[PDB]
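In the form deposited in one PDB entry, a lone chain appears below as structure tokens.
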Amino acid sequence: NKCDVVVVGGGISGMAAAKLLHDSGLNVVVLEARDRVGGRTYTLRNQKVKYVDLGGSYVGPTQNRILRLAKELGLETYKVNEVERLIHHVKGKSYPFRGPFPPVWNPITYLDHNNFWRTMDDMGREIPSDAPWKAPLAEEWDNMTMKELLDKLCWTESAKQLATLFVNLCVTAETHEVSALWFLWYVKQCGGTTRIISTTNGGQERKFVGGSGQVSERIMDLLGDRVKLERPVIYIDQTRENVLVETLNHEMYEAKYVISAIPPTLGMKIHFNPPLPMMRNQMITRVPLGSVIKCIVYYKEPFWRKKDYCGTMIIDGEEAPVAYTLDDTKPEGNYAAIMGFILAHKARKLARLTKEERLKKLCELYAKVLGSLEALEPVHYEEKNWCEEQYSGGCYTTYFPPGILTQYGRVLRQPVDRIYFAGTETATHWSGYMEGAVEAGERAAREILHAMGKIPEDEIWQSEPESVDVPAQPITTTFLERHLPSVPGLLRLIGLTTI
């Protein structure tokens, strides 16, 4: 019944908030809708896989808060395999490449690719991390989808195709579904294009030994019976002295403050008395999550390594169910596996098939891409379609359609009386990731510590010391990368000499 703070949601963000509050000597309860903690992180354990992450999994340099939290809980990371060649499969044909990015040989196509990525980062520098609506051209960029932007910037189909796949992979949505301002923000708040897409030196470098679900589970161990499983919150009342929070199984909790640690749109599942202020009321109907099936196909051996492929495949084309894969083999070298994402409209399209039919499509794809008949002999298959989760709404995260971020963005973490907002969607650095969940959870907890007079305002927003275990290499450009002209820049140079 009675406590200091009710945390709604027992994913990373809610667990991280409850831990900070508990450590500060406050009585907290966590109310969790599911029969488990972890939310968008979920580690499945059985004999055939040992363990496998079916949700969030990858951590990388600059993600210092999740790395510190997991380290403090006794967790270790290992490196995702990138020793052998990556593959870029384009127009039915595979192009092995060393290094982080697929090489472009045609000089014109090269000027267009270079300019695309450079401009994305150039535009991002204009966007404040903590207030994207404040960018000088916010309105202009928000009233445009990513599709319109790619149509404007990319002077070759090659660049447009790769940029489209990049959008699909980063935000599990179609270029036409998403605001250009929002997507440019999302990339910039992760540290830029390189940092977001890279394995070595980027968001995909590492995973946790034993799975990422251990972060939430181990916080549950520390909190004991303070975590209430199968308590979907249905009702929040702020009319009286103390906040009343009701769950679906008719339990009532009473607190001084509430942290909402759930995807913004899932706030729709709760009835509010008094009603939410107008802007939030409408915002939560405007912020859908992406669509993705995460698929892991298990083999006897990591046969791709023998052919000198690491297992990273960037796969273009409508015919392909999976647009991106990584080696999901255990750090020990066993349970050989390929992890692939079925992204956006394909998640929708292929959900109609059975498990076995999807498995068949993935193997036949991998066989073609890796030039290997062995791909046709899987030993096991696991998958999770996140579109079907009542208490997630999708994965990886919330995207903003055109128009929304400039109109409703400033509401996302604005307190509603005694309700404070966490969840990765409210982060200012790696929002959408496990990293952002920790940031938002800990910041929301500290907003409440401030409200209670226990800390100064200057301590609500805290920087994180850099991990000594996963240090970040800076993102560098070369002279030619900075100053080579765009395609229309080259055309302007041509018409100037011939005049």
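Heads up: residue numbers just count along the shown sequence, starting at 1.
Not pictured, yet referred to below: the form deposited with a small molecule bound.
Contact with the small molecule in the bound PDB entry, judged as any non-hydrogen atom within 4.5 angstroms, is confined among 409 to 417, 92 to 100, 375 to 383, 273 to 281 to 92 to 100. The partner is absent here; in the bound PDB entry, the one residue of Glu82, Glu174, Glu139, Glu254 having a heavy atom within 4.5 Å of the small molecule is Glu82. Checking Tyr309, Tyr324, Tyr299, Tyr366 for any heavy atom within 4.5 Å of the small molecule in the bound PDB entry turns up a single hit: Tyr324. Of the heavy atoms in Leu169, some are within 4.5 Å of the small molecule in the bound PDB entry. Taking the partner from the other structure, the small molecule in the bound PDB entry has no heavy atom within 4.5 Å of any heavy atom of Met123. When contacts are judged by a 4.5 Å heavy atom cut-off, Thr77 does not count as touching the small molecule in the bound PDB entry. Of the heavy atoms in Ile314, some are within 4.5 Å of the small molecule in the bound PDB entry.
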